[PDB]
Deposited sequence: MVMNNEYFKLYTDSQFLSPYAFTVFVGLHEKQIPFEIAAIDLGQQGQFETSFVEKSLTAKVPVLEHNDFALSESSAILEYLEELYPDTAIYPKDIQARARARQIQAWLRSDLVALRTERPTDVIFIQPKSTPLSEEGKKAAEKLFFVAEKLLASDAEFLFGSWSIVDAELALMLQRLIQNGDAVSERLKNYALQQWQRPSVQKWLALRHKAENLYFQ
């Protein structure tokens, strides 16, 4: 009955993005607020008297609260695979996340070329996404899941910065970006920055 989402004030967080998308897809009404820089970091979800951080935890909690609007695949093995890709995006690809922060998607590209480890994460990303998206799939697991939004953002770190990305993966990412829930994030960023900063 009461849901509030806390994001970073500049809306650069990929995990806040991910929870916002999850809430909108599940059509859960909620309020948003911003913080400047047992919870460590944004995003934090408050639900009545209960406050919760870490995006994967928050999502899992939302699925349990509302099981009939799943944002993970329904087959048990596809769901496991979805959790795997999600965990992998969160914790691996360290060089990529470091060298292409979300600043490159929302503000301006970085001049610096990918380091050797940077190039290696990008290729590993391309390998995995092209494997999971073979046969010209529109989504990773048949129909849309929150992991489509997470993968697209990851790819966008490269695309929006100018780095080399296959035509097939740009098409996937661009289409994912035009998802309405995502589009609602992108608009919110600009509107909120005009209000929050007096």
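Taking the first deposited residue as 1, the stretches without any C-alpha atom are 1-5, 43-56.
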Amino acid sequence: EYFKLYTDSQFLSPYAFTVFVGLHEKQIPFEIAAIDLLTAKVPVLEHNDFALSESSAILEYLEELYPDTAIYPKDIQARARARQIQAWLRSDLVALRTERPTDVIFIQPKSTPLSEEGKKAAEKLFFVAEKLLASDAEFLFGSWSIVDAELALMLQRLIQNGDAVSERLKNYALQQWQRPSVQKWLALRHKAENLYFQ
From here on, numbers count along this sequence of modelled residues.
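Mean CA temperature factor is higher for 76-84 when stretches 76-84 and 96-104 are set side by side in the entry. 86-94 and 109-117 differ in mean CA B-factor, and the higher of the two is recorded for 109-117. The PDB entry gives the largest Cα B-factor of the residues 33, 137, 159, 42 to 137. Looking only at 57, 147, 173, 133, the residue with the top Cα B factor in the deposited structure is 133. Remark: residue 166 belongs to the middle third of its chain, ranked by C-alpha B-factor as recorded. Remark: residue 38 belongs to the highest third of its chain, ranked by C-alpha B-factor as recorded.
In the deposited entry, the Cα temperature factor of residue 51 sits in the top third of values across the chain's modelled residues.
Among all modelled residues in this chain, the alpha-carbon of residue 153 has a temperature factor (C-alpha) in the lowest third.
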